[PDB]
Amino acid sequence: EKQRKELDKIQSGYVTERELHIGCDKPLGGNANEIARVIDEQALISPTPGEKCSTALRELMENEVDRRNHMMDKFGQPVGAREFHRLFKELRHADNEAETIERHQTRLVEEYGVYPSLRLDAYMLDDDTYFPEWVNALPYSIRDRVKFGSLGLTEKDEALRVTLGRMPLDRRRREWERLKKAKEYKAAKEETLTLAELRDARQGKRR
Amino acid sequence: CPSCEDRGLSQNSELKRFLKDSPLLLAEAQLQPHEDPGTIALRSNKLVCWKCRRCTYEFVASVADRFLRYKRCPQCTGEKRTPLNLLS
Amino acid sequence: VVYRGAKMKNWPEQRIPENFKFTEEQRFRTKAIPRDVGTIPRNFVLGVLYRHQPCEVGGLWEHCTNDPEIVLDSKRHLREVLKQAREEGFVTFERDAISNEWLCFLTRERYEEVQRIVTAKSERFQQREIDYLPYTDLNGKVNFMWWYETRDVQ
Amino acid sequence: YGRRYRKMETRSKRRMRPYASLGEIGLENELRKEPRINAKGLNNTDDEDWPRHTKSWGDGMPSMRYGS
Amino acid sequence: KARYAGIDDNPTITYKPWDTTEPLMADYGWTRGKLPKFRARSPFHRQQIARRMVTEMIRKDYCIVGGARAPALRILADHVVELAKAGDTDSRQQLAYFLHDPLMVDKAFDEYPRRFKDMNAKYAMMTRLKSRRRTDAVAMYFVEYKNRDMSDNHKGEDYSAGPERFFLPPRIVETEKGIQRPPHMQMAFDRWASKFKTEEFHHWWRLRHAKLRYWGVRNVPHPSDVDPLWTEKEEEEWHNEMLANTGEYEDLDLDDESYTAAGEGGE
Amino acid sequence: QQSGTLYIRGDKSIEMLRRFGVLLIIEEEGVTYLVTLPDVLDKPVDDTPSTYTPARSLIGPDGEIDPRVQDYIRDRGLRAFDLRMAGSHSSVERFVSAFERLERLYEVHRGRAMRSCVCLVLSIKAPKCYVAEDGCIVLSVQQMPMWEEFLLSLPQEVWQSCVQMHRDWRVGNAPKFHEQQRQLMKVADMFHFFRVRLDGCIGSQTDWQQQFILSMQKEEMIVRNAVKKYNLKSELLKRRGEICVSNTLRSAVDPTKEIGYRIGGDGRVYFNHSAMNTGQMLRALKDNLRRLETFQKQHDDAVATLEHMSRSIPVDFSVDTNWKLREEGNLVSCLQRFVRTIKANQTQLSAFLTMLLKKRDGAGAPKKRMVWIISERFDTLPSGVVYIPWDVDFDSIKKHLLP
Amino acid sequence: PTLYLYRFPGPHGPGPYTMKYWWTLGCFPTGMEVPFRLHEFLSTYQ
Amino acid sequence: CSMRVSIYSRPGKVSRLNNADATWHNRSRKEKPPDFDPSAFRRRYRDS
Amino acid sequence: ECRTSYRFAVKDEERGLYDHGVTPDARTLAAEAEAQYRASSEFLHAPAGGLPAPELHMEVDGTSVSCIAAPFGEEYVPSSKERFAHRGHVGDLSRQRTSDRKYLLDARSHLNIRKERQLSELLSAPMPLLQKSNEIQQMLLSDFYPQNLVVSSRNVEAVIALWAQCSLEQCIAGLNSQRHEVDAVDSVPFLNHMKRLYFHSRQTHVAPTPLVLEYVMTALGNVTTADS
Amino acid sequence: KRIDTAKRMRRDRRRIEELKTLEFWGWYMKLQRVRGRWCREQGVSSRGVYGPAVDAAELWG
RNA sequence: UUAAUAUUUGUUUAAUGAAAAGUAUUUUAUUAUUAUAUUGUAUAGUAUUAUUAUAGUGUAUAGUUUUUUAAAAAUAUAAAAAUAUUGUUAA
Ligand SMILES: [Zn+2]
């Protein structure tokens, strides 16, 4: 709709009337260049439709694991010896896992200078250049948490990461810098509570 | 004390281009006499034997990593794991 | 002493009548095939951009046309290669304040690599036919492998 | 209460929600290989989505449910 | 009641032939407007079964399936042939999404246009076999593509009986023994068959037989009684048989020609 | 004394070099030697220009050797470097001086200028220092004062290229080298040989190697049909056969003169891609096939007997390459005679040899396992090597070691 | 305080479901029955 | 008793006790580190 | 090492390597294709003078036509990064592979790590409670705040613990010493300091700690009156 | 000793798996190259039964 | 007799929202190597792991506690809403 409206409002020089010819082949002449400018702008600068995703989609992605855990906890047959042992092992070594991910993170930030701000920027831009080689070689159980576990992230931030990954790279960086400035201003303004946050705190609902 | 000199406890500034320009690192340096007379490029990384003032422990740390980043000795910050460093 | 036509081997010349007209809802549904994205087009466009930067995309197409040795199907192919460079991080789009038009700029992160590319590339009748073939990688996404056959017709 | 152990075990072990379209299975394949922020995390091997027809032994051996 | 597949994305200038289906997602049911739902554990399981089944069908050109799986497989093969006749980039992306093997996707999109250029509909063919599966007493159906010998990578092949081994190429009628398969398909089939001759595979096979004997299935021989499937002498003999070829080129007479040169020692 | 000082200096230098992490190879016209052994099996972990690992993960005080570095060295065919056999006193002085110069050059200014995790080669017949096609930097031992200037003028782009080539070649995974060896196995299956490998390809060009691989894959059918028609499939060669191709092959009587191929007494088949054809290599294989397997069996028996002799007698054994090349297959009988003599007089050998170690009260660099090198005649060096000929007698060896 | 006998011959005599074990495993699947094959030994080896 | 059932000798088949084609599957797939040797540790330490 | 009578032809290390089950015509076709593609890639990387190209030249059409076969799939995409292949950002993977790392190009780290280790040394310094707290506040307001340098989570936890202990002991000391237009938040000795440090930590995006928020909650609790 | 042996074996296993993955990728690329050459020889364009005219029209893509 | 019955229905499959061990049995076979008394062997299964003698340069193609199929009724699943009802809080 918007493209049709603006392209019909553009009425500088329709002498050649070869819009279809220029759409199926090269241009007609260099003088009538307004249509060419508009076409190239709407083809490159204008973003692809439907690239932005909602946080409801990212929540529904993990809704599968949520439903699986709920069904298991509701209709779970008492586990056997090996399952009991695995559960006890995990419950006992959860603290060791937290300690070792903290040690990996502090070693990284002290020997390479990759601070949590840089780690969050890498998370949003979906770039692995901010991390050394051993980061991807870390154990898979902690490879995903050692990178983006310390810094705070929301479902909205994950959806924004997906939106960035879908959008082009220059637009990635520009929108990410804009959103980073916005988040810093939000952190500066977060001294007080808004009415919605007060209502949520009184109700007990956790976003 | 040497530890309180780097911070502003108690305008003009100059550039330090060698180990001799920094009087703090020159004291802890246990550099070998025959290898280098103190004309070590402070920006380049080179391994020299140090000797801390507190624990008096000898170790090997880079000159560029010692000045630019203020690396602490392994015994005073918890890597050598000596009785002075052990918790028990 | 001419260099005319970097066309495709299989594609024939199409005849569109003069009174042809698209519907208001059919003209915005045209899907073009993905043009070549290869090292040859990317390096040709990088060299043209290193010669002329920053410059409007129309000026870039005019410079590519003026260049004798050109490996490009059409302005659509140039737009696709520009999209690839934009996604890879070679070119960015900045909007001027006086003209309110966008402009391609070489990324200062990759300027040295662009210089090395143009140096390694720089260190009579011609006709180049482009031939493509689709395939799918191990991940399960479609992509076209391309090649160029050159010949001197007199 | 009458809930069959085997059937409830299968239902709670594996998924039931069916795909809706090929574009949707493509979007799911895109959004599946995503890192866990604070979850447990699972091994994403370099051949998880690649064709296992040559990897797994039983993907080519004679089968009765598929009839050779 | 409503199918969200009707919500069209990236609409083309011309309306689709189906315009309401996926068409690969079949929406299995029991009313005549839908496909016969073969018994599964969930609709997702049914879709996975259909996906693997159509993938294997495209791979080996035939599939013997029991129960209501045959009509579903036939209709899905018809839809795949329709996608191949379309030959659009979006159609290929959809088929690569739906299938397990992108190599089989490419094989289909390469061979099916020339194969079914001269056909309108009902491309596959289902034949109910009189022999039923022993474990279930369920009828079996042989589903294969019709145009086998006119244009396809498979041509002049015999399906009346299986080969000597399940990793050997299928039988070929003596009338058309001279034809050769495409090189990429041949190399892929060889890489697939090569895994059945390793020692680790036989180790895993004996372990699986031990697990079966422990579970209690009958007539399964002991792992210490099973035999290897392809020995070194059989491999050498079959390689000699396949490599024997005196066409268009003969050997160089090294003893008769002056190829030899002055070397260091030896005689 | 002075030799011992040179040896300890060289050991300190190579240890500091392996702590820095670079891979040092001395390339000669005949064969290359790996001097510095860094953590090659360790996967690259950091991209920083300066890495210092004082620990030695490959060699330990308990194991003293790793079962994987042997495979890594065999897969390239590199010989073991040793200062006591390097050569004359002036030559070993030059070598240890070059080692100390390189160590000091790294130590004074190590960093982005001279990056770590790089392969350095030392060549004698090299006009000027240049970068090889593989990615390793080769330097002429004659241009000693030019090493600093060359390494400091080498740009960061070429440094990064060399680092990348050394990381994906001969280090850790090495996928390019792995695919090259895979294609080598592919052509070796056609040749019905155990392993076909390229030698001298460390500091040389890769174009001839790639052309050889592609040409063999092109003309694979010719060799297969030829071996099928002439029954060239030998079980012993297929079980253990060694083919070694090089860019050039030099003669044993005249290094300037070049030969088409080379047949050794041990069974290896040496070819040069310069004057090799699908007919020439085929004719050589057909002429030497009924002889190479016999030579391999006899050499295997001799090497097993020598291994038993090294297990019993403390002395170590080696063979002279010059004499091995000059024998041209006749070395087998001489080696068998030497083995027979040693086996007949084995019981007294260790009893007489322990007396020397017991009577040498003070030595600059003593070793319990003194080296014996099978040669044509008697020789002697100030090292712990014997240079024992093939024709031996007990009293003769006694008087040759000590009156 | 109970014993488990998987498959034992009934009151009238051993059936095929137990003779299969007798010929494959070597004895009845319970182990409480001692393998006694004197008759077939006399019929074949003697 | 699977060994006595299959690998052992019977009046119908020969003994497979020493038979590589019947015993090779007994080896483990995933290799395991060697067990600690107390005699070797004693001869190595040589307590004083 | 092979006691078995039979032997297995292929090994686990080689599957699809020898290609024994391939027709010789297909074998030579694959070899010719690989050679043509390698020659085309080599010419593309280093253009020869005059373009001889005898291996990739074709004379079937009757005219001099040379097919420069462009390479494809040179970049490697693992299955863990299938999302980039499905989106279409293969150039992004190319850049992330051929681009220098960010920690090698960051120069503010040389200063931030130095200041962090100096803060750790100051914490380890054995000084009295109030004097050490004042010194830490001075050093912080002098060096970190005017440059928004990243502070480590454990250092923040330790300094807030010290500030809480100092606030408690100074409240006790003021009570013992006792034995207008002043805001309620000013009664606590380090309430505003803790607040500013916690907000700076939130802005610099360092993970807070349960002990951190516990000490801040106690500093909020030990307050005279109710404040919005 | 146990931990050292475990590390030494796991390093080899990891490198073997990585080499297997890389070799499989290279083999699939070789397969695509061979099928492209064969399609060039046989004159089969995998763009449907229509041909090159619809592609030149590039309406549907 | 109940009984043409009730509950079950398992041979690589839709492979799994996942993968680093110890201990006690059953079963045994010509392993190699360091190379000085005796003593108990390996894989494979089975049962168990709170009450510290199992957690690290980075984890076995791991799928029997995972189970077949061309109908309605009964029953189970409200994680089976694109319903409804009630109650709580908030504008
Ligand atoms: Zn100290």
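Ideal geometry is used to build each Cβ from the backbone, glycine not excepted, and the neighbour counts take in all protein chains shown. Throughout, read-outs are computed from the coordinates displayed, never taken from laboratory work.
Remind me, relative contact order of chain E in percent, using alpha carbon pairs under 8 angstrom and six or more residues apart? Could you put the intermediate results ahead of the total?
On the way: 240 pairs, mean separation 30.2, N = 267.
11 percent.
Enter the Cα centre distance for the pair segment E:50-119 and segment D:18-64, rounded to the nearest angstrom.
Segment E:50-119 and segment D:18-64 have Cα centres separated by 20 Å.
Under 19 Å between alpha carbons, and skipping anything fewer than 8 positions from E:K211 in its own chain: which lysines qualify?
Partners within reach: H:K30.
Give me a comma-separated list of calculated 3J(HN,Hα) values for segment E:187-193, in order, Karplus coefficients 6.51, -1.76, 1.60 applied at θ = phi - 60°, integers in Hz, x for any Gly or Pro.
Working through the residues one at a time gives 5, 5, 4, 5, 5, 5, 6 Hz.
Calculate, axis by axis, the spread of Cα positions in segment B:1-58 along the three principal axes, and write the results as whole Å, longest axis first.
Largest first, segment B:1-58 extends 38, 28, 17 Å along its Cα principal axes.
Which angle between 0 and 90 degrees, to the nearest 10, do you get for helix A:116-125 versus the longest principal axis of chain A when only C-alpha atoms count?
So the helix axis and the longest Cα principal axis differ by about 50 degrees.
DSSP loop (so not H, G, I, E, B), at most 10 other Cβ within 10 Å: list which trypsin sites (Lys or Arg not before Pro) in chain H pass both filters. Intermediate values should be presented prior to the final figure.
Values: sites: H:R4, H:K13, H:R16, H:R27, H:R29, H:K30, H:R42, H:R43, H:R44, H:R46; in loops: H:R16, H:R27, H:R29, H:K30, H:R46.
In loop regions of chain H (DSSP not H, G, I, E or B), the sparsely surrounded trypsin sites (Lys or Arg not before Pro) are H:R27, H:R29, H:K30, H:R46.
Sort I:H89, I:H57, E:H209 so that the residue with the fewest other Cβ atoms within 10 Å of its own Cβ comes first and the one with the most comes last.
Values: I:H89 23, I:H57 12, E:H209 19.
Least crowded to most crowded, the residues run I:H57, E:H209, I:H89.
Among A:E99, J:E58, rank each residue by its count of other Cβ atoms within 10 Å, from fewest to most, as a rough exposure measure.
Values: A:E99 11, J:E58 17.
In order of increasing Cβ crowding within 10 Å: A:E99, J:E58.
Hey, can you rank A:77-83, A:52-58, I:27-33, E:4-10 by average C-beta count inside 10 Å, highest first? Let's see the in-between values first.
Numbers: A:77-83: 9.0, A:52-58: 15.3, I:27-33: 20.1, E:4-10: 11.4.
The most tightly packed comes first, giving I:27-33, A:52-58, E:4-10, A:77-83.
Summarise the partner chain shielding of E:251-262 as one whole number: the mean count of Cβ atoms from other chains within 10 Å of each residue's Cβ. Please report the intermediate quantities before stating the final value.
Values: counts 11, 9, 2, 12, 4, 0, 2, 3, 8, 8, 11, 4.
Shielding by partners across E:251-262 averages 6.
Going toward the positive end of the dipole of the protein assembly as shown, with +1 on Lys and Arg Cβ and -1 on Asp and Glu Cβ, which of A:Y112, G:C27, B:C1 do you reach last?
Highest projection toward the positive end goes to G:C27.
Rounded to the nearest 20 debye, what is the charge dipole size of the protein assembly as shown about its Cα centre when +1 sits on each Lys and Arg Cβ and -1 on each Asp and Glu Cβ?
6400
Under 10 °C and 1.306 mPa s, how fast does segment I:121-188 diffuse according to Stokes-Einstein, given a Kirkwood radius computed over C-alpha pairs? Answer in µm²/s, whole number.
For these conditions, the coefficient is 116 µm²/s.
Add -39500 (n - 2.57) for each DSSP H run of 4 or more in chain F, then divide by its residues: what number comes out at 222 nm, to the nearest 500 deg cm²/dmol? The partial results should precede the final answer.
Numbers: 14 runs with 186 residues, N = 403.
My calculation for chain F gives -14500 deg cm²/dmol from helical runs alone.
For chain E, set up a GNM with springs between Cα atoms under 10 Å and report which of E:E111, E:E157, E:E174 has the largest fluctuation.
Answer for the Gaussian network model of chain E: E:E174.
Over 20 Å between Cα atoms: which of C:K7/C:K121; E:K85/E:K146; E:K85/J:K30 fall into that group? Intermediate values should be presented prior to the final figure.
Values: C:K7/C:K121 23 Å; E:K85/E:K146 15 Å; E:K85/J:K30 27 Å.
Violating the 20 Å limit, Cα to Cα: C:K7/C:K121; E:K85/J:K30.
Check cross-link reach from A:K89 to the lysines: straight Cα distance under 20 Å, and skip same-chain residues fewer than eight apart.
D:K40
Amide H of E:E264 versus every other amide H placed in the peptide plane: which residues, excluding those fewer than 5 positions away on the same chain, fall under 5 Å?
Close amide H contacts, sequence-distant or interchain: F:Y261, F:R262, F:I263.
Need the C-alpha centroid separation for segment B:1-35 versus segment I:84-131, integer Å.
So the two Cα centres are separated by 26 Å.
Near H:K32, which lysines are there with a Cα under 20 Å away, not counting those fewer than 8 places off in the same chain?
Partners within reach: J:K1, J:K7.
Among A:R119, A:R173, A:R143, which one moves the most in a GNM of chain A with springs linking Cα atoms closer than 10 Å?
Of A:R119, A:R173, A:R143, the Gaussian network model singles out A:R143 as fluctuating most.
Take peptide I:152-158, look around each residue's Cβ out to 10 angstrom, count Cβ atoms belonging to other protein chains, and average those counts.
On the way: counts 5, 6, 2, 0, 0, 0, 0.
Counting other chains' Cβ atoms within 10 Å and averaging over I:152-158 gives 2.
Evaluate peptide C:22-32: per residue, the Cβ atoms of other protein chains within 10 Å of its Cβ; return the mean as an integer.
Other-chain Cβ atoms within 10 Å of each residue's Cβ, averaged: 6.
Would you give the gap between the C-alpha center of segment A:10-71 and the C-alpha center of segment F:120-135, rounded to a whole Å?
55
If r is the Cβ-Cβ distance from I:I172 to A:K186 and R0 is 45 Å, what FRET efficiency results, to the nearest 0.05? Let's see the in-between values first.
Details: r = 38 Å, r/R0 = 0.85.
After rounding, the FRET efficiency stands at 0.70.
Using just the Cα positions, wrap chain F in a convex hull and report its mean projected area in square nanometres, one decimal place.
Details: hull surface 85.1 nm².
Taking a quarter of the hull surface, the average projection is 21.3 nm².
What fraction, in whole percent, of alpha-carbon pairs in chain I exceed 21 Å separation?
75
Build a GNM of chain A with springs between Cα atoms under 10 Å: which of A:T163, A:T16, A:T154 gets the top mean-square fluctuation?
Per the Cα network of chain A with a 10 Å cutoff, A:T16 tops the list.
How high is the FRET efficiency from F:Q70 to I:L123, r the C-beta distance, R0 56 Å, rounded to 0.05? If you can, show how the numbers build up before the last one.
Values: r = 51 Å, r/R0 = 0.91.
Given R0 = 56 Å and the Cβ-Cβ separation, E is 0.65.
What ranking of C:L103, G:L42 emerges when the number of other C-beta atoms within 10 Å of each C-beta is taken as an exposure proxy, fewest first?
Working: C:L103 16, G:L42 9.
In order of increasing Cβ crowding within 10 Å: G:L42, C:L103.
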